[PDB]
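Presented below, as structure tokens, is a lone chain in the form deposited in one PDB entry.
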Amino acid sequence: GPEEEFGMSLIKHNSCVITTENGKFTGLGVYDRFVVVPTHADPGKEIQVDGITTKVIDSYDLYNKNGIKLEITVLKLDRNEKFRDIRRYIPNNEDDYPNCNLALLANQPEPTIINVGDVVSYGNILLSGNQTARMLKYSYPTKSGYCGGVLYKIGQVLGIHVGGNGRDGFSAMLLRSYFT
């Protein structure tokens, strides 16, 4: 009940469907007009937010200090609405987390919560041949359509779903220092 309730509140207050030319993604609204999507979504000068074409004012693809992509892209949107500020839920450090959930919005008829089990700080992987850092891994057969899904626990917004191989699933980590 409560684990699913927290996820449904994240969907209600902090999600949107983002469409780029490469597909539909669950977009996590962090605060003000800032949303995160996987970098591989390759957002352009405009995106659709719940079907409405919206100009992107600023876009940041995040990399670690060694220049390895994190697969987090932050977009500042040209619109009125401000997202509920969920920066207080974002961890300061990399860690492992037991019994996590993924909150999904895009590519399905209604928002749903999937329990993905225990999550580990997995390090770097090769995502379609390109090194990607700070992955959070779970043993769940995530599929196309899950990207952007919000990995969370009650009071903890941990990452966004970016990839998988039919056995395991991977989220890009969210760290508090990615925002001021």
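Shifts are known only where both forms have a C-alpha. A residue's number is simply how far along the shown sequence it sits, counting from 1. Rigid core (definition): largest C-alpha set, two forms, superposition within 1.5 Å.
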property	result
Stretch with the higher entry mean CA B-factor, where the candidates are 145-153 and 122-130	122-130
Stretch exceeding the other in mean C-alpha B-factor - 10-18, 156-164	10-18
Third assignment of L75 from its chain's C-alpha B-factors	lowest
CA B-factor ranking of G44, expressed as a third of its chain	highest
Third assignment of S59 from its chain's C-alpha B-factors	highest
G27, C-alpha B-factor rank within chain (lowest, middle or highest third)	lowest
Modelled-residue ranking by C-alpha temperature factor, third containing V37	lowest
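One more form of this protein should be noted, the form deposited in another entry, which is absent from this view; the next part is about it.
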{"item": "Out of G67, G155, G51, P141, the residue that alone shifts its CA by 2 Å or more between the shown form and the other one when the rigid core is the reference", "value": "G67"}
{"item": "After fitting the core, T132 CA displacement of 2 Å or more between the shown form and the other one", "value": "yes"}
{"item": "Closer or farther: C-alpha pair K143/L127 in the other entry, relative to this form, given a change of 3 Å or more", "value": "farther"}
{"item": "Core-referenced shifts between the shown form and the other one - contiguous stretches of at least three, CA at least 2 Å", "value": "64-67, 125-134"}
